[PDB]
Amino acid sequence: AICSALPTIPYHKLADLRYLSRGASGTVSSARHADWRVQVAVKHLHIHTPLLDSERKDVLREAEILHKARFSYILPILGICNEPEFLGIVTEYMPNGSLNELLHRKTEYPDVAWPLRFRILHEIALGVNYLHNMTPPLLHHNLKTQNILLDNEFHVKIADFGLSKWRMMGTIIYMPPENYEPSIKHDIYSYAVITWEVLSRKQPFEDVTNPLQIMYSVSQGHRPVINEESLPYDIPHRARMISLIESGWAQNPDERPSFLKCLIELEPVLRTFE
């Protein structure tokens, strides 16, 4: 009965474009919206190179996903900018950037308190759980700490639905081994690696330089290192968390939980926080 069209934003409504990130297909700029008087983010194709029709349908697809999948912990899409010269997804601006910045810029963030870390982990879980509970389920398939955005008060917004799929009935460190040996449980594997990354503040497979070596190692059952040096003894519920992580990134996909099951399992741990 009830539906809503995604707003179309005229190009002239976007002012003060400044580069935030530039990639292969995806470039992100910050902007002022002239009507709304707020700062926005614009994920757009390169303004210099010609805009191909296959690249055009990709962006409209990603925009449709974001618009359908809106929820407290998913990046809110504000509208689409669809012009002959320009194509861009307009989203809310995230002042604190991506999660990896918080975890790995140790000068800027000397102490990242345990309650915040666990809250971040809980919110990522809640976000992906929502996606998996849509009809049909939406699988993210690109969860990275680089893709978890943080708003003004450090709440999670899941971003980058470029590789996302409807269950129809780049770095490889977050990818389950069955994706490359010569996937329904993909997101939970990534989540386990992210959990490890959040609790350690370390790059997974830091010491391994060749990505093919990581791939062979992972396919043989090697995982990011768990000891006292990587995961310190003072982590709250360290035993549960290690247990959960290791089930989350299990070699056999059947041993890995659903996000519902993962949230059930996490709630004993989160009950002890403020």
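The numbering used is simple: start at 1 and walk along the sequence shown.
According to the entry, the stretch of the deposited sequence that connects residue 182 to residue 183 contains 4 to 9 residues lacking coordinates, which leaves a gap of moderate length in the model. Count the deposited residues lacking coordinates between residue 113 and residue 114 and you get none at all.
For the segment pair 211-219 and 39-47, the entry gives 39-47 the higher mean B-factor, averaged over Cα atoms.
Here 184-192 and 78-86 are compared by their mean Cα B-factor, and 78-86 comes out higher. If you compare the C-alpha temperature factors of 250, 263, 20, 9 in the entry, 20 comes out highest. When all modelled residues of the chain are sorted by CA temperature factor, residue 108 is found within the highest third. Among the modelled residues of the chain, residue 52 sits in the highest third by CA temperature factor in this PDB entry.
Sort the modelled residues of the chain by CA B factor and residue 125 lands in the lowest third. Among all modelled residues in its chain, residue 156 ranks in the lowest third by Cα B-factor. Compared with the other modelled residues of the chain, the Cα B-factor recorded for residue 245 ranks in the lowest third.
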